[PDB]
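Student: Residue numbers (the deposited numbering), protein chains in the order written: chain A, 284 to 414; chain F, 65 to 192, 203 to 226, 234 to 414; chain N, 2 to 193; chain M, 2 to 193; chain H, 2 to 193. Every residue, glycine too, gets a C-beta built ideally from N, C-alpha and C. First, the structure itself, so that you have it in front of you.
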Amino acid sequence: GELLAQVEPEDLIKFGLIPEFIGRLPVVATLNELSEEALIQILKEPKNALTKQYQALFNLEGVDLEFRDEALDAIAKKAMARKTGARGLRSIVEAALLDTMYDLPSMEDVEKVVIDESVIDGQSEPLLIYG
Amino acid sequence: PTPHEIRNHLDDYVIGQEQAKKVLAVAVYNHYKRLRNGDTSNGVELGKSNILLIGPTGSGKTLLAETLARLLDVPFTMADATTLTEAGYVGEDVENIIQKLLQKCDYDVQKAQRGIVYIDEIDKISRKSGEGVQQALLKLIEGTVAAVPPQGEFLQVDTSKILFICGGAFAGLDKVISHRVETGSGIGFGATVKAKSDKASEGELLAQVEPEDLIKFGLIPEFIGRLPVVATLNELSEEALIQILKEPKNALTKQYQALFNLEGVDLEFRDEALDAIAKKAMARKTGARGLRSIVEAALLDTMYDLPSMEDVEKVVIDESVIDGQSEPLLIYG
Amino acid sequence: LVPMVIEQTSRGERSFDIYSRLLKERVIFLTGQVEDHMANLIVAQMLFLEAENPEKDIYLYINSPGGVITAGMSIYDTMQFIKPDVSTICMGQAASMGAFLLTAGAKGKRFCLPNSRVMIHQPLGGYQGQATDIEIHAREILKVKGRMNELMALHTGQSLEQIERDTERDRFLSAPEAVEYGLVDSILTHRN
Amino acid sequence: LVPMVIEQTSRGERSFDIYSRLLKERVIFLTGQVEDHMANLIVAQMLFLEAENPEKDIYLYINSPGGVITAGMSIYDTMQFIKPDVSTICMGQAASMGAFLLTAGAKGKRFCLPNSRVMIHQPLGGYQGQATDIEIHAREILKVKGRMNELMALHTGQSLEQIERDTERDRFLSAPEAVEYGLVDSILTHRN
Amino acid sequence: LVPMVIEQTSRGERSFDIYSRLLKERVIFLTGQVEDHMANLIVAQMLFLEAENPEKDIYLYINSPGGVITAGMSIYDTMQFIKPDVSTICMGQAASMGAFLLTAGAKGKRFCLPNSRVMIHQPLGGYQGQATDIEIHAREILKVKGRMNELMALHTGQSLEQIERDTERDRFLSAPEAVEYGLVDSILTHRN
Ligand SMILES: Nc1ncnc2c1ncn2[C@@H]1O[C@H](COP(=O)(O)OP(=O)(O)OP(O)(O)=S)[C@@H](O)[C@H]1O
Ligand SMILES: [Mg+2]
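The following block contains the structure:
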């Protein structure tokens with residue numbers, strides 16, 4: 284993030300851009316990789332957040348799940364390690380819930396699913412209450 | 065226009081480099097006055113006079129060729145030698161850039177003959203491949219019908242009537258020049274050690290440059306011969322950068338102030354603030370290039386909040402504002 | 002055997018030795034008894050560094066029991082002549098001429114290791130021959146003793162009389178005591 | 002003669018000696034009697050490794066009967082100053098200054114060969130001259146003895162009184178006994 | 002060991018040593034007792050510098066107690082023969098032949114360090130054998146003494162009688178006294 288904040292025209296020319304093109308763009312809006320605090324916000328606040336996408340997916344069979352607060356931050360840090368931006372959040376949740384979607388429809392008498400930091404970390408399996 | 069008229073107009077957009085302006089103005093006037101005489105009544109042929117620019121990085125060498133070209137309606141293009149431009153595996157031939165100059169002139173080869181194609185970073189291809207680029211560039215600098223066939234039927238224009246200006250920020254050239262004319266050792270008690278932060282005499286030494294110095298730098302004798310006209314540029318001192326903030330017609334201060342005048346708010350930069358920006362700019366080593374970035378960032382905070390704030394008549398920026406101690410004072414009214 | 006290190010640069014791989022690699026970073030070494038040959042070598046290194054950059058500090062590690070006084074005076078003059086400030090760090094020990102050079106560094110840039118030791122003593126000499134010749138040599142050594150004492154008091158900040166009394170015989174001072182005496186400024190224990 | 006090994010890299014073949022090749026992997030050798038010249042060389046190697054990577058461990062094989070105490074102190078300070086942890090492995094023997102440096106390594110990283118031997122003894126010195134001078138030198142050596150004992154107890158974890166009694170005379174301890182005493186942590190018998 | 006410095010040039014990186022790098026800038030060193038081997042080396046350096054540029058000054062640092070008189074005379078003649086002016090700077094000490102060469106530099110270009118010392122004395126010799134042979138050698142040394150005194154008076158500007166009286170025995174003069182005597186012109190304390 285800091286490296287991109289300081290750029291010079293010679294860098295763009297060396298990359299391949301013709302020198303005239305750089306001059307035509309006096310304004311250079313440089314972005315920064317989303318931080319851990321920003322990842323959690325984008326994980327819940329957005330209307331189309333992947334967290335709610337999976338919740339609606341399970342509603343087809345009549346099951347719902349909730350993500351604990353202690354688990355949201357854990358998913359954000361793992362995504363930062365992947366260095367894939369917001370795209371990494373979807374992959375992390377998919378792998379954690381991969382086993383849940385593999386056997387949940389087969390099982391019967393399922394009411395709700397609870398996932399915490401330990402479940403996503405692989406320490407234990409996701410919790411499920413029958414009803 | 066006569067050379068005197070050219071000098072009067074160019075000094076308004078660019079300040080300093082008095083010696084470089086005299087030689088550059090005469091070179092362009094002599095080349096163009098010859099082209100205008102297309103009839104060539106006298107049997108003597110008119111040969112091109114290539115120009116050479118030598119100066120420290122950020123001295124405005126590129127701005128001198130572009131600004132001077134704007135004075136005329138002829139097209140101007142630029143190229144970079146750091147990529148080893150050539151028609152082959154060495155790199156990308158600048159011939160494509162030549163066609164770009166033709167495009168600017170409504171794709172008319174007749175007008176393309178008045179090109180001012182400029183090659184920058186020429187000193188980066190000095191012989192230590204490096205020498206290969208110079209050899210392939212010898213013919214291009216002079217008359218040569220061979221070139222990339224245009225696609226507007235395939236033509237073959239000659240590169241004899243198009244002016245060629247090669248300029249690069251030679252590194253270490255001041256050392257060889259000193260060892261030739263200037264006396265004294267560089268190491269020892271009696272050696273004349275040049276202060277890095279004081280005694281900026283590099284510009285004066287460059288003036289005493291001869292073809293022999295370029296030979297030792299790495300340039301092959303053929304390349305030097307192609308460039309008969311030689312010019313030098315002196316480094317811009319801390320005070321020089323201050324003048325560039327107000328004296329130039331399209332200066333940074335005048336541009337930002339005019340922008341704020343649109344909303345009825347006028348900003349004034351005091352002499353104390355101008356010197357503060359210049360001193361920090363020198364440390365960054367960015368030269369005049371970084372002046373626009375640092376000045377814009379300093380006033381970026383208030384510029385964003387200026388349109389939203391109401392009851393504003395005219396703002397002002399103090400020296401402490403540049404250092405970040407305070408914010409631009411606003412006079413309510 | 003001197004290990005050969007390699008420095009990675011844009012131009013390409015470069016061959017250097019352990020001492021040469023540190024020299025490129027404005028670092029000098031003073032090991033072994035002080036003499037004319039070794040002293041001249043150190044002076045040459047200081048001049049080369051000054052030409053490359055007359056502003057960057059030049060470090061010099063002093064680790065030796067001492068040597069010829071005359072050979073040591075040349076190094077002192079070079080340090081006080083070159084514009085760059087010479088930072089002296091005592092490693093292992095610094096006695097006789099070594100101690101004098103340790104306090105000759107730029108004020109506020111003198112350091113020493115926690116276990117380093119510094120010893121100061123009066124000049125040592127001696128001549129044999131006729132009575133007249135012995136008198137001349139005796140006066141010469143006495144003059145050198147006075148000049149050395151004055152220079153020591155200038156850096157450490159102590160009084161001239163105090164330096165003379167402490168130089169009558171060998172005096173061993175540990176690193177903590179060196180700071181109080183004025184030979185050094187601080188002690189470099191761990192990197193922070 | 003020093004064999005010349007070649008390292009295969011993407012750039013191309015590179016020429017190096019046996020000692021230089023291991024130095025590139027953060028490995029240092031301490032062979033021969035400790036002195037000012039050899040001690041200074043070791044210090045230079047440690048500084049170079051720290052600059053390249055201030056986190057990777059720096060190994061140092063100690064194999065020597067000892068030498069000048071002052072020269073050894075410089076190496077000890079460098080090990081405790083550079084951020085990288087210095088791992089000391091005893092090969093063959095480590096006596097006098099060698100034993101002190103063996104226990105000066107980072108806690109939990111000290112090793113020794115199964116047949117290695119470590120000997121510890123009090124400082125050795127001696128001065129000749131006038132009565133006043135002899136008294137000054139006697140006090141200096143005594144102070145060095147106390148400081149060395151305190152440092153030894155800090156690493157091995159033993160009491161100060163225990164170290165003093167064991168240092169009154171030469172004491173030979175095998176590799177298994179070194180672990181219990183606290184000089185080393187474990188013994189490297191076979192690679193696992 | 003001699004550190005190897007690298008000079009950055011347009012052609013490319015170049016390998017040089019500490020002494021070679023300074024030699025490229027018209028700098029010569031005179032360290033160690035004067036003899037035939039070392040004296041010949043200095044003469045060769047002066048000739049090479051003259052060919053490269055017969056106008057630029059050639060520096061020469063004199064730091065030695067002296068040596069063979071015959072060997073020193075060769076250096077003096079070379080300095081007065083080559084068109085470039087030879088600038089002599091005294092570092093550390095300059096006694097016997099060293100002092101003579103210090104005052105042999107071009108007028109107005111002689112310098113010395115603030116702590117430098119210069120000593121002047123009459124020629125030293127001696128022969129053993131038959132009475133006739135001893136007489137011949139005695140006359141030879143006497144003639145050399147007279148010639149040396151005349152040359153000294155030519156540079157320092159003092160009278161011939163004054164030089165003879167001062168050369169009867171060793172005379173130690175500090176840097177400030179050297180300027181007044183005429184051996185040197187000024188003193189280089191700090192760079193300005
Ligand atoms: N004399 C000057 N007057 C006004 N602005 C100047 C002057 N010199 C430089 N500048 C400004 O500084 C910028 C950079 O200077 P230039 O020398 O044109 O850069 P450059 O020549 O492209 O550097 P190189 O050779 O490619 S590394 C210019 O685009 C101008 O905005
Ligand atoms: Mg440019």
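What does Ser282 of chain F reach in chain H if we use C-beta pairs closer than 9 Å?
Tutor: What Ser282 of chain F touches in chain H: nothing, since even the nearest Cβ is about 17 Å away.
Student: Quick check on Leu254 of chain F: does DSSP put it in helix, strand or coil?
Tutor: helix
Student: Taking the straight line between their C-alpha atoms, what separation do you get for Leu380 of chain A and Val393 of chain F?
Tutor: 57 Å
Student: Report all residues for which the CB-ligand distance to some heavy atom of ligand 2 is below 5 Å; order them along the chain.
Tutor: F:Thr126, F:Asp184
Student: Should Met74 of chain M be flagged as near chain N, meaning a C-beta pair shorter than 8 Å?
Tutor: yes
Student: Assign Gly152 of chain F to one of two classes, buried (16 or more other C-beta atoms within 10 Å of its C-beta) or exposed (fewer than that).
Tutor: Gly152 of chain F is exposed by the Cβ-count criterion.
Student: Closest by CA to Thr32 of chain H, which one among N:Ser75, N:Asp171, N:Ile63?
Tutor: The option with the nearest alpha carbon to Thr32 of chain H is N:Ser75.
Student: Name, going along the chain, the residues of the stretch 135-149 of chain M whose beta-carbon falls closer than 7 Å to a beta-carbon of chain N.
Tutor: So the list reads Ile137, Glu141, given in the order they occur along the chain.
Student: Who are the Cβ neighbours of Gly68 of chain M in its own chain at under 6 Å, not counting the five residues just before and after it?
Tutor: Answer for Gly68 of chain M: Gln34, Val35, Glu36, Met98, listed in chain order.
Student: Cα-Cα, which of M:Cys91, M:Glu169, M:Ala176 is closest to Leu143 of chain M?
Tutor: If we check each option's Cα against that of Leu143 of chain M, M:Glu169 comes out closest.
Student: Closer than 7 Å to a non-hydrogen atom of ligand 1 - does that hold for the CB of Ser318 of chain A?
Tutor: no
Student: Quick one: grab the DSSP three-state call for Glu151 of chain N.
Tutor: helix
Student: Exposed or buried, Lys280 of chain F, counting other C-beta atoms within 10 Å across all chains shown (16 or more means buried)?
Tutor: exposed
Student: Can you name the residues of chain F whose CB is closer than 9 Å to the CB of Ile90 of chain H?
Tutor: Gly269, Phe270, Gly271
Student: Just verifying my parser: in three-state terms, what is the DSSP assignment at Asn64 of chain N?
Tutor: Three-state result, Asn64 of chain N: strand.
Student: In chain F, what lies closer than 9 Å to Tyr60 of chain H by C-beta?
Tutor: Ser266, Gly269, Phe270, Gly271, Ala272
Student: Counting only beta-carbon separations shorter than 8 Å, does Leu152 of chain N have a partner in chain F?
Tutor: no
Student: Would you verify that the beta carbon of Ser259 of chain F is, or is not, closer than 8 Å to some beta carbon of chain H?
Tutor: Not one beta carbon of chain H lies nearer than 8 Å to the beta carbon of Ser259 of chain F.
Student: Compute the minimum distance between the beta carbon of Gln336 of chain F and the heavy atoms of ligand 1, and state whether it is under 7 Å.
Tutor: no
Student: In the DSSP assignment, find the unbroken beta strand (DSSP E) run with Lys395 of chain A in it and report its ends.
Tutor: Per DSSP, the unbroken beta strand (DSSP E) holding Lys395 of chain A starts and ends at 393-398.
Student: Between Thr334 of chain A and the rest of its own chain, which residues show a CB-CB distance below 7 Å, the 5 nearest in sequence each way excluded?
Tutor: Result list for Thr334 of chain A: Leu326, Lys327, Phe350, in chain order.
Student: Considering just the uninterrupted stretch of the beta strand (DSSP E) at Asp347 of chain A, what are its terminal residues?
Tutor: From DSSP, the beta strand (DSSP E) with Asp347 of chain A extends over 347-350.
Student: Under 8 Å Cβ to Cβ from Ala357 of chain F, same chain only, skipping five residues before and after it: list those, please.
Tutor: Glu400, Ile403, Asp404
Student: Where does the unbroken alpha helix (DSSP H) through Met390 of chain A begin, and where does it stop?
Tutor: Note, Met390 of chain A: premise wrong, no alpha helix (DSSP H); not H, not E.
Student: Going along the chain, which unbroken runs of the alpha helix (DSSP H) with 4 or more residues stay wholly within the stretch 98-128 of chain M?
Tutor: 98-104
Student: Under 8 Å Cβ to Cβ from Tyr413 of chain F, same chain only, skipping five residues before and after it: list those, please.
Tutor: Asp392, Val393, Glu394
Student: What is the DSSP secondary structure of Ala369 of chain F, counted as helix, strand or coil?
Tutor: coil
Student: Please determine whether the Cβ atom of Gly80 of chain F lies at a distance below 7 Å from any heavy atom of ligand 1.
Tutor: yes
Student: Within 8 Å (strictly less), CB to CB, does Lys57 of chain M reach chain N?
Tutor: No Cβ of chain N is located within less than 8 Å of the beta carbon of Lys57 of chain M.
Student: Mind listing the chain F neighbours of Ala52 of chain N? Cutoff is C-beta to C-beta under 8 Å, in chain order.
Tutor: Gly267, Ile268, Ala272, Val274
Student: Would you say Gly13 of chain H reaches chain F, if we count a Cβ-Cβ gap shorter than 8 Å as a contact?
Tutor: Any Cβ of chain F closer than 8 Å to the Cβ of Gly13 of chain H would place that residue at the interface, and such an atom is present.
Student: Using 10 angstroms around the beta-carbon of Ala378 of chain F, count the other beta-carbons present and answer buried if the total reaches 16, otherwise exposed.
Tutor: The residue in question, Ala378 of chain F, is exposed, as its Cβ has fewer than 16 Cβ neighbours within 10 Å.
Student: Which same chain residues end up closer than 8 Å to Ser407 of chain A when comparing Cβ atoms and leaving out the 5 residues on each side of it in sequence?
Tutor: Here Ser407 of chain A has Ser401 as same chain residues with Cβ atoms under 8 Å from its own Cβ, once five neighbours each way along the sequence are excluded.
Student: Start and end of the beta strand (DSSP E) containing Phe30 of chain M?
Tutor: 28-32
Student: Quick check on residue 198 of chain F - is its C-beta less than 8 Å from some C-beta in chain A?
Tutor: A break in chain F separates 192 from 203, and the residue in question, residue 198 of chain F, sits inside that break with no coordinates.
Student: CA-CA distance, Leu102 of chain M and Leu184 of chain M?
Tutor: Spanning the two alpha carbons is a distance of roughly 10 Å.
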